[PDB]
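**Student:** The structure under discussion is supplied below as structure tokens; questions concerning it will follow.
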There are 2 protein chains.
Amino acid sequence: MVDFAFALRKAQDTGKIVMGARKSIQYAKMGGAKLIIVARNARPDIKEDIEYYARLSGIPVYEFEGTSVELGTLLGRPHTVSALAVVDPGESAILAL
Amino acid sequence: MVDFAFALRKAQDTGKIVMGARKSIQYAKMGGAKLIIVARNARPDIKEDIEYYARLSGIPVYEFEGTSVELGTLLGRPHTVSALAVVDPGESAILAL
């Protein structure tokens with residue numbers, strides 16, 4: 001990952017992202033996302049859940065170094081965000097390896 | 001992941017793959033691979049190790065449903081293979097989501 005916060009902003013403004021543990025799980029499970037992002041302190045059960053389905057389908061998982069509070073802030077949401085999925089990167093390089 | 005065994009064969013024959021736990025760890029750690037594959041029964045410490053570094057860099061990890069013995073067989077190696085990395089997919093669709 002390169003310049004995560006910038007890449008995330010670019011995806012959010014120009015692409016399509018979906019926020020929340022359940023929705024991200026639905027994606028890791030069913031497909032339909034290009035990348036799942038988890039907060040470092042996302043509750044263990046949620047992280048393991050996402051990680052299991054992500055390995056099942058080969059969807060990449062990226063751990064945001066910071067907290068669910070910091071991730072919510074980065075996303076401009078009035079609440080914590082523990083996980084999200086990138087459905088379309090838009091003009092972002094967030095998927096670049 | 002779609003038609004894993006076929007996709008893997010195509011990457012192996014037309015792209016670049018690297019086999020082994022240490023080499024895959026080096027990739028998950030330093031970048032340079034597009035996908036890490038782990039056998040279902042790869043020893044837990046090795047899986048966790050790869051999985052940690054993969055999350056650090058957002059490199060996708062795919063779990064092969066079968067054993068390290070079966071994975072070695074699939075790769076035509078005379079030994080078990082617990083993990084590998086796809087450096088170049090070649091003509092393969094192994095990276096498609």
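As shown in the structure tokens, the chain order sets the letters A, B, ...; within each chain, residues go from 1, and ligands are also counted from 1 in the order they appear.
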Give me, as a count of residues only, all polymer residues having an atom no more than 9 Å from range 67-83 of chain A, counting only C-alpha atoms and skipping those fewer than 3 positions away in the same chain.
**Tutor:** 24
**Student:** For the contact check between chain B and chain A, emit one row per residue of chain B within 6 Å, containing the shortest atom pair and the distance in Å rounded to one decimal, counting only C-alpha atoms, chain then rising number order, as JSON lines.
**Tutor:**
```
{"residue": "B:1", "atom": "CA", "partner": "A:57", "partner_atom": "CA", "distance": 5.2}
{"residue": "B:55", "atom": "CA", "partner": "A:62", "partner_atom": "CA", "distance": 4.6}
{"residue": "B:56", "atom": "CA", "partner": "A:63", "partner_atom": "CA", "distance": 5.9}
{"residue": "B:57", "atom": "CA", "partner": "A:1", "partner_atom": "CA", "distance": 5.2}
{"residue": "B:58", "atom": "CA", "partner": "A:62", "partner_atom": "CA", "distance": 4.3}
{"residue": "B:59", "atom": "CA", "partner": "A:60", "partner_atom": "CA", "distance": 5.7}
{"residue": "B:60", "atom": "CA", "partner": "A:60", "partner_atom": "CA", "distance": 3.7}
{"residue": "B:61", "atom": "CA", "partner": "A:58", "partner_atom": "CA", "distance": 5.4}
{"residue": "B:62", "atom": "CA", "partner": "A:58", "partner_atom": "CA", "distance": 4.3}
{"residue": "B:63", "atom": "CA", "partner": "A:55", "partner_atom": "CA", "distance": 5.3}
```
**Student:** Just the strand (DSSP E or B) stuff from range 6-73 of chain A, please, per backbone DSSP, written as a list in words.
**Tutor:**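 Answer for range 6-73 of chain A restricted to strand (DSSP E or B) is residues 16, 17, 18, 19, 35, 36, 37, 38, 39, 61, 62, 63 and 64 of chain A.
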**Student:** Give me, as a ChimeraX atom specification, the residues of chain B that a backbone DSSP run labels helix (DSSP H, G or I).
**Tutor:** /B:4-14,21-30,44-57,68-74
**Student:** Between CA of residue 48 in chain A and CA of residue 29 in chain B, what is the distance in Å, rounded to a tenth?
**Tutor:**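 Interatomic distance here is 20.3 Å.
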**Student:** Rounded to one decimal place, report the CA of residue 84 in chain B-CA of residue 27 in chain A distance in Å.
**Tutor:**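 CA of residue 27 in chain A lies 25.0 Å from CA of residue 84 in chain B.
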**Student:** For a quick check of understanding, using only C-alpha atoms, which of A:7, A:14, A:85, A:26 has the smallest distance to residue 49 in chain A?
**Tutor:** A:26
